[PDB]
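**Q** before the rest arrives, take these chain(s) from the complex:
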Amino acid sequence: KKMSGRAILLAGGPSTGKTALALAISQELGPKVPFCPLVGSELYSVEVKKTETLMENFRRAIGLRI
Amino acid sequence: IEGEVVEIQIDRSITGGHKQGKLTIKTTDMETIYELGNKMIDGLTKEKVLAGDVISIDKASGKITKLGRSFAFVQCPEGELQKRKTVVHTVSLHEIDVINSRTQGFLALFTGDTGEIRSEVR
Amino acid sequence: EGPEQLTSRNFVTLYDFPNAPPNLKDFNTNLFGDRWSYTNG
Amino acid sequence: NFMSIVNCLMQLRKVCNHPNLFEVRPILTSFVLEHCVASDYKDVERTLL
Amino acid sequence: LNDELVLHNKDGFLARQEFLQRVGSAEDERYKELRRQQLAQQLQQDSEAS
Amino acid sequence: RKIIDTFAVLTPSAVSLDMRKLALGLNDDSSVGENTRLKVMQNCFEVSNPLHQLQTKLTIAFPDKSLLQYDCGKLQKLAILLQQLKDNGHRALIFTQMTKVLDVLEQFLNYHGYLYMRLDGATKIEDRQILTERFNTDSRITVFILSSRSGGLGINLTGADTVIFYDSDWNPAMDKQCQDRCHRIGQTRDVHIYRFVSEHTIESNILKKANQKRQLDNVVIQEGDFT
Amino acid sequence: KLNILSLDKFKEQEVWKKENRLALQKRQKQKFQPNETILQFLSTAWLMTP
C-alpha cells in the first residue's frame, strides 16, 4: 500500500493460465481489497466517452473503509 | 378464506369519516360472521359483492376474487372456511438486475428503455 | 333459489328524517340546483 | 496482558447462541457523506449574479 | 471447508473490532491533546494575569 | 406489488444530503424566486406518486425475520422438537446458563406464537412464587425458561413432562439438580430429558467431563440401611 | 386456624387475580363508536324467499 500506478502485463499463448493467474491474485488478496475485472470491449460505451469510462473504472478500483 | 356470501350489512355515516361493516360467510360445513375494519369496506365496495356471490379473500393482501354467482352456475364451496396454499414467483435474473438499478427502472421492464446498468448492481 | 335479478335493501339511520327521504331530498336539490330551488316558488 | 479462559467461554457462547452477542444482521442504509460542495460555491455564485 | 474459511478470516470479524478500537484510541488521543493544550493555555494566562 | 416487494433489495452505497434539494434549485438560498419556489413545491406535494413503495424499498432494507431460526444450529432442532411436543400436548422446561440467551429465546418464542414464561435471578420473590404457582396449574402456557441457578435448585414444577438443556454447565451436580425439578414426586407421566450438544465442537468435550463425575457418585454412595 | 385461614385467603386472592386478568384481557378497545347522532346510510344484500 505504498506504490501507485504500477503496471504489469502477463503475456502468453492461449490456454496458459493468464486469466487463472489474475483470478488467483484476486482471491489471494482477499475480499477486503477491491478488485475490478474488465475486458477491453467494455470501454466502448454509448452515452459517455471511452476515457471517462476508463477513469470511472480507475476510481472504482480503490476503496476506503470508514 | 373462500366461500359463498350469506349476508352483508354495511353502515355509511354521511359526513362521517368512519364506516361500520359486517358479513356472514359460510361453507358446506362451517358458517361464521366477521366484522371489518376500514380498508375492508372499500375493498369490498369497488367490486360489487352481493349475497349470491362466491368470494375468496387473502388476509395478507386483501385481494377480492369473484369465483361466480351461485344463484340469482358454480357449486357451493366445500370444506373448511379457511385454507393454505403455496405460490411461486419466477423471474429472470435480468429483471432483478433491472429493478434495483434505478427507481424508475421498473418501467424499463416494459418500455425497454434502460441504459448501461452499473457493474456494482450486478 | 335463483329468481329475479337479485334483491338488495337500503335504509336510513337513526329513526329520524328531517325533510322527506334525505336521499330523495338531495336528489331534488340536484334536480335543478340550490338557487333554482330557492327561485322555484 | 493475559487471556486463556475467555477463549473457552466465548467459544461456548458461539456454540450455544451463534449469530449474536457481537452483532446482528443490520438495517442497511446508505452512507451519509455530509460536507457537500454546494455551499462552497453558493457565495461565489451569489456574488457573480 | 478450509479455503472459504481462510478467505473469510482474511476478511475476518475481529479485524473490524481492531479497526474500531484503533479509531477509538485515535479520537481519545485527540481529545487528550485538546485537553492538555487548553489546560496549558489556561495556566499560561493565569500566570500572566498574576 | 408482490414482485416489487420480493425482488427489490439493493440500496445506494453512499448518499449526499443537500444535493437532492439543490438539484431542483429549491432550497433556502437560490437564484429562483422566493415565492416561485413555494408554488412549485405546493404543486409537487399535491401531485401523487405511484412509485412511492419502490422508493421506500430502495432506501432502507430490513434483514428479514425468519433467518433468526435459520442462522443458529440449535434453534432449528429446538423448533422441530417444540412443534412435535406441542402437537402431542406436552409442556417443557428449558434451562440455560447465560441471561443473554433468554431474550434470544424470547423473540424466537414470540416468532412461533408460543405461550411461555421465564424465571431468572432478576425477578422479585413474590413474582417468582406467583409465576411458579401459575405454571403448576393451567395448561395453555407451554414452555417455562429458567436460569440454571436461580431456578435450578429446589422447585416443585410438575406440570411439564420434558426438560431441555440448551447449554451444559461444567459439573453435573447442577445438571442433575436442574433435571429433577420436574420429576420429583407428583410426576404422573414419563419425563423426557434432551440435551443440545453441537457435533465437532468444544461443547461435546465439556459434556464428556460431566458424565464421568456422574458415575463417580455411583461408586461412592453406599449408605442406607446397614445389615 | 389463623394460618389455615391465611392459606384460604391466598387461594381467594389468587382466584381474584385470575378473574382480574381475565377481565383485563376481555375488556379490549371495541368502543370506537363511529356512528354519533347523524344521518347514516345502511346497505344490505340478501335473498329471501318464504
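**A** Nice, thanks for sending it over. Numbering: from 1, shown residues only, chains lettered A, B, ... in the order given.
**Q** all contacts plus neighbour counts: C-alpha atoms, from now on.
**A** OK.
**Q** For residue B:89, the count of nearby residues, please.
**A** Residue B:89 has 8 neighbours, counted by other CA atoms under 10 Å in any protein chain shown.
**Q** Isn't residue B:82 up against residue B:27?
**A** No: the criterion here is CA atoms under 8 Å, and residue B:82 misses it with residue B:27 at 9.5 Å.
**Q** Which residues of chain D lie near chain F?
**A** D:8, D:11-12, D:15-19, D:21, D:25-34, D:36, D:38 (CA under 8 Å from any CA of the partner chain).
**Q** could you flag which of those are buried?
**A** D:12, D:15-19, D:28-29 (16 or more other CA atoms under 10 Å in any protein chain shown).
**Q** Excluding sequence neighbours, find me the nearest residue to residue F:147.
**A** Among residues not flanking residue F:147 along the chain, residue F:120 sits closest, at 4.8 Å (CA to CA, 6 or more residues apart in numbering or on different chains).
**Q** List the residues that contact that neighbour.
**A** F:99, F:146-147, F:149-151 (CA atoms under 8 Å, 6 or more residues apart in numbering or on different chains).
**Q** out of those residues, who's nearest chain D?
**A** residue F:99 (11.2 Å; CA to the nearest CA).
**Q** now for chain H:
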Amino acid sequence: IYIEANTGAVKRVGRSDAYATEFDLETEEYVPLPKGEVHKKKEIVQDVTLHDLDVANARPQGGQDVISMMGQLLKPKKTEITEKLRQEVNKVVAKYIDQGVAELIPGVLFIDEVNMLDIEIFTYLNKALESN
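**A** Chain H now in position relative to the chains above:
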C-alpha cells in the same frame, strides 16, 4: 414505526400488537412494541469506494421524498465527471483519513484482452498511469 436520523429514512413497521382485536378479518399485520429506549446509537464500519462517493454527489439516489424522486428522474443518463468534483472528493477523503476516522485500501484493475483497445485509449491510459 422506525425512523433513522442520519438519512431521514422512514419505514412504518406495522400496527402495534395492542390493538390486535379490531376486525375479525383485518388485513393489517401486527408487531410487538420494540424493546429498549426510543433513541439508540450504533457504530458501523461500512466500506465504500471512491467512485461510490464520487457518484454520490455527481448524481443522487435520494429516496422517499417526491421532490428528490422527480429530481433524480429529471436526468436518466450518466455523464462525464469534471475533475473539480474529483479534487473535492480527494480533499474530503484526505480530511477524513487525517481525522483518524477512515483508512484507504488501494485495489487492482484487471483488463483481459487488451488488444481490443485502440490507440486513443492506450494514449489516455499512458497519461493516467502517471498519476498520484
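**Q** quick recheck of the neighbour count of residue B:89 now chain H is there?
**A** Residue B:89 has 8 neighbours, counted by other CA under 10 Å.
**Q** ditto for residue C:9
**A** Here the count is done by other CA under 10 Å, and residue C:9 has 10 residues near it.
**Q** which residue packs closest to it, ignoring adjacent ones?
**A** Excluding its sequence neighbours, the residue lying closest to residue C:9 (CA to CA, 6+ apart) is residue G:44, at 5.3 Å.
**Q** near chain G, anything from stretch H:12-32?
**A** Yes: judged by CA under 8 Å from any CA, stretch H:12-32 comes into contact with chain G through H:19, H:21-22.
**Q** my read: residue F:145 touches residue F:118, true?
**A** Yes: between residue F:145 and residue F:118 there is a contact under CA under 8 Å: 4.7 Å.
**Q** So what touches the longest strand along chain H?
**A** The residue-count maximum for a strand in chain H (DSSP state E) belongs to strand H:108-112. The contact list for strand H:108-112 (CA under 8 Å, 6+ apart) reads A:19, A:22, A:26, A:34-40, A:57-58, A:61-62.
**Q** Let's see the ChimeraX selection covering just the buried ones among those residues.
**A** The following ChimeraX selection, which keeps only the buried ones among these, applies the criterion 16+ other CA under 10 Å:
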select /A:22,26,34,35,36,57,58,61,62
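**Q** Let's add chain I too:
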Amino acid sequence: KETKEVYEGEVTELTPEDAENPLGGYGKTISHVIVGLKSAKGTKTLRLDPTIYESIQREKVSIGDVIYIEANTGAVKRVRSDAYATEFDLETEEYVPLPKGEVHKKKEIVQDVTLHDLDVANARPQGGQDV
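**A** If we add chain I to the chains shown above, we get the following:
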C-alpha cells in the same frame, strides 16, 4: 366485435319505493327505484336495484334532460334536451334531441386494431397529474 344493451331516453320521472325493512329497524327502507323513460314512439317504466342510487348521485342526472344506461353492468351515463333548450334565456349546457325508436336497444359495435397499437398503448403511459 361485441354487443351491448342500452336503455337511453328522456327521464319522465324517478322515485324510490319504500318497503318493509328485511331486518329489525325503525326507518324507511327502499327496495326498488322506479325510473320512467320516454323516447320517440316509445315509453317504459323500469324497477331497478336501489344500490344504483349513487350512480345518479354522481351523475347529476336531474329530471327530464337526458339519460343513457347500460343493462347488465349497472351504472348510468348522463348524455339537457331540445325540449327545454329554448325555454331558458341562455345556458352553457348542451342539448340533445329525443332518442329515436324504442327505449330498449341492441347495438353491435365492431372495430379493428393492429397489434402494434396494442403494444405501443401498453408501453406508453396515460393519465393526468402523475409524475
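**Q** The neighbour count of residue C:9 again, this time with chain I added?
**A** For residue C:9, the neighbour count with other CA under 10 Å is 23.
**Q** With residue B:2 instead?
**A** Residues lying near residue B:2 (other CA under 10 Å) number 22.
**Q** swap in the one 10 residues further on?
**A** Residue B:12: 21 surrounding residues under other CA under 10 Å.
**Q** Residue G:41 is in contact with that one, correct?
**A** Yes: using CA under 8 Å, residue B:12 makes contact with residue G:41 at a distance of 4.9 Å.
**Q** circling back to that earlier point, buried ones in the longest strand of chain H, by neighbour count?
**A** Applying 16+ other CA under 10 Å to strand H:108-112 flags H:108-112 as buried.
**Q** just stretch F:107-127 next, same as before
**A** Buried positions in stretch F:107-127, judged by neighbour count with 16+ other CA under 10 Å: F:108-109, F:114, F:116-120.
**Q** Can you check the distance spanned by it, start to finish?
**A** 22 Å (CA to CA, to the nearest Å).
**Q** For residue I:125, see how far away the closest residue to chain D within chain I is.
**A** For chain I and chain D, the shortest gap (CA to the nearest CA) falls at residue I:131, measuring 25.0 Å. Distance, residue I:131 to residue I:125, by CA to CA: 11 Å.
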